[PDB]
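Quick heads-up: it's one chain on its own, the form deposited in one PDB entry, in structure tokens.
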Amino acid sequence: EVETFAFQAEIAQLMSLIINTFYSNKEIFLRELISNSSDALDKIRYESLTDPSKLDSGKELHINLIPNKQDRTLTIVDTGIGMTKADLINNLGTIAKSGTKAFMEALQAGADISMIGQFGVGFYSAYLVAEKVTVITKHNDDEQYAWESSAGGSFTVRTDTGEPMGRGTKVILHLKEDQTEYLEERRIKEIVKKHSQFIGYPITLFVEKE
């Protein structure tokens, strides 16, 4: 069964802004998603310090980037703490209602969209480049779920039947037709080196068969 939910009004407004504003520096989406993955890896590492069985679901802590030119998707995979169903419904573990309010006030007081991550809602920068986003996630305390939204006011949550993950989060970006530069190896390397050089977990960029 699929459950369909309405976004809180502030999040729907944030997403409409991101989608319709003219803003050329779109590459920041990848820095923000990597930063979210890094934070999730830090959390499971911290919990494992006093309970090593938390890593029974996978001891490797890393971030993978998987482009797929056939599907026009870019997938960011981490082995971090993951999300329970309640985390997914509550704006993917963020304080997005309050963070959106602070961000929009900041945009009036001389901030630009690249500061989105300072307000805790960096995930939504994915919609600079994606028409649809799928999040697959597995937390130690819950089942594997899939979240999906094409914006437009609603999101869905279902139990995921795909390949098991062990623990972590996969963010699947269904890219807009004019944003395929983010599938190119050389463009992804440029972004990671510019914005994410000092992330403290290994980032592997997968290659494609062609």
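Numbering starts at 1 and follows the sequence shown. Shifts are known only where both forms have a C-alpha. The term rigid core refers to the most C-alpha atoms you can superpose between the two forms while keeping them within 1.5 Å.
K.L.:
Give the stretch, out of 65 to 73 and 156 to 164, with the larger mean C-alpha temperature factor in the deposited entry.
P.N.:
Per the deposited B-factors, the answer is 156 to 164.
K.L.:
Taking the recorded C-alpha temperature factors, which stretch has the higher mean, 99 to 107 or 118 to 126?
P.N.:
Between 118 to 126 and 99 to 107, it is 99 to 107 that shows the higher mean C-alpha B-factor.
K.L.:
So if I compare the CA B-factors in the entry for 55, 28, 183, 173, which one is the largest?
P.N.:
Of the candidates given, the C-alpha B-factor peaks at 55.
K.L.:
Using only modelled residues of the chain, where does the Cα B factor of residue 131 rank: lowest third, middle third or highest third?
P.N.:
Tercile = middle for this residue's CA B-factor.
K.L.:
Please place residue 50 in the lowest, middle or highest third of its chain according to the CA B-factor in the PDB entry.
P.N.:
It belongs to the highest third of the chain when residues are ordered by C-alpha B-factor.
K.L.:
Can you tell me whether residue 113 has a C-alpha B-factor in the lowest, middle or highest third compared with the other modelled residues of the same chain?
P.N.:
It falls in the top third of the chain.
K.L.:
Name the third of the chain's ranked CA B-factors that contains residue 19, choosing lowest, middle or highest.
P.N.:
It belongs to the highest third of the chain when residues are ordered by C-alpha B-factor.
K.L.:
By the recorded C-alpha temperature factor, relative to the other modelled residues in its chain, which third is residue 9 in?
P.N.:
Within its chain, residue 9 is a highest-third residue by C-alpha B-factor, going by the deposited values.
Omitted from view is the form deposited in another entry, to which the following refers.
K.L.:
Quick check on the comparison between the shown form and the other one: with the core aligned, only one of 72, 132, 85, 97 should show a Cα shift of at least 2 Å. Which one is it?
P.N.:
By this measure, the answer is 97.
K.L.:
If the CA atoms of residue 33 and residue 96 move by 3 Å or more in that other deposited form, do they move toward each other or away, so closer or farther than here?
P.N.:
It is farther: the C-alpha separation of residue 33 and residue 96 rises by at least 3 Å in that other deposited form.
K.L.:
Residue 65 to residue 96, Cα distance in that other deposited form relative to here: closer or farther, by 3 Å or more?
P.N.:
It is farther: in that other deposited form, the C-alpha atoms of residue 65 and residue 96 lie at least 3 Å more apart than they do here.
K.L.:
Determine the segments between the shown form and the other one made of three or more consecutive residues whose Cα atoms all move at least 2 Å, using the rigid core for the superposition and only residues common to both forms.
P.N.:
In sequence order, the runs that relocate between the shown form and the other one are 91 to 97, 101 to 112.
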